[PDB]
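As structure tokens, one chain now follows by itself in the form deposited in one PDB entry.
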């Protein structure tokens, strides 16, 4: 049972105009089997549009490629992103109620990426927990992995997680 193809793709921006299907493939095959690899070109001039995409056989291979950033492809640092692009480093986490603490959020979310800020929201008047939080990571891929999951279970609660700002 293969993961949906959409979840196995990486959109690569910032390509050198000299990158080809073949050179993009040779680079990204270092992190997995590529079932597809395309440089986007103008239909008349054939000149590169400066971006393309690759499709891996599995999501773990996407992860491996993302974990190997920064990628210098044909002499230029490129910008790979997965499909979810609203590129942000912060998430809203809702439904955590009053008993969820910082360490619950950190122990779970730290496995998606490096956390810089955890903000458990409290009432401006009473100080009581409001039941939601924001987590800021050092990089957008953490957020992208998070928001494509169907479910997040933290401190026994099924949470609603969305990109923030």
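Numbering follows the first chain given and starts at 1.
The deposited sequence places no unmodelled residues between residue 73 and residue 74, so the chain runs continuously there. Note on 63-71 vs 124-132: mean CA B-factor is higher in 124-132. Remark: stretch with higher mean C-alpha B factor among 151-159 and 16-24 is 151-159. If you compare the C-alpha temperature factors of 29, 99, 42, 139 in the entry, 99 comes out highest. When the modelled residues of the chain are ordered by C-alpha B-factor, residue 38 sits in the middle third. The entry lists a Cα temperature factor for residue 103 that places it in the highest third of the chain's modelled residues. For residue 57, the recorded CA B-factor ranks within the lowest third of the chain. Only modelled residues enter the ranking.
In this PDB entry, residue 90 carries a Cα temperature factor that places it within the middle third of its chain's modelled residues.
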